[PDB]
Structures are given as structure tokens and as C-alpha cells.
């Protein structure tokens, strides 16, 4: 299954495997059992080149898993600044609210990712409203 293979490659940061699987018809928007897509996984695990490659070939920038987590929530939680900037530039919903009522700004602030807090606020993150 090409979908499962691309999810694994995006998580593991296998740049060459990602490109090879996509050339074979792999679903860029495939989901695992929890609703995580290759973009969610590349954004969580800091694979910038894969994040960029997925976005160039139809990945949904604001896809939600079963818990309402978007790739931006995950990049902000883990503290991947360059990934946060790339997602925002590609139209990620800065004010996306997950099942716990958290926004990317709230996660970046809880984890002490000050540069991401700044970047989110600059791209219209609403602090007083979730």
C-alpha cells in the first residue's frame, strides 16, 4: 500500500523515498487510522524539504486529524519555525481550533517557542479568541 509507505517515509524523513512513491501514484493526502496525513507527520518531525514537496503536489495545508490537529498546530507544538513559516505562506488557518480548544499560538506559548509565538501573531493569530 503506497499510502502507508508515504506516511512512513514522511515521518522518517526519507526525502528520496517520498519523491519515488509520489511518482508511483501514492496518495499525497492519505491518512493513517487516527487521521494523520504525510504533511501532519513531516510537520511534527521537522522534515522541511518533505513539507515543501508535499505542498507543491496537492497536500491540504489545513487538514484535520480525528482530534482537530492541523499541521500548523503540530509544527507550533514541536517548535519547527521554518515549517511554521512555510505552512503560513501556503495558507494554513492560523486560528484553527482542535478538540481541546487549542490553537497553534496556545501550543507554541505552552512549549516556550517564542519565535513561533511572534511569527503566529504577525500572521494574524487571535490571542483573546479561540
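Positions refer to the first chain, counted from 1.
With 22-30 and 63-71 compared on mean CA B-factor from the PDB entry, the stretch scoring higher is 22-30. Remark: stretch with higher mean C-alpha B factor among 84-92 and 33-41 is 84-92.
Ranked by C-alpha B-factor against the other modelled residues of its chain, residue 76 falls in the lowest third. The PDB entry assigns residue 116 a C-alpha temperature factor belonging to the middle third of its chain's modelled residues. Ranked by Cα temperature factor within the chain, residue 10 sits in the middle third according to the deposited record.
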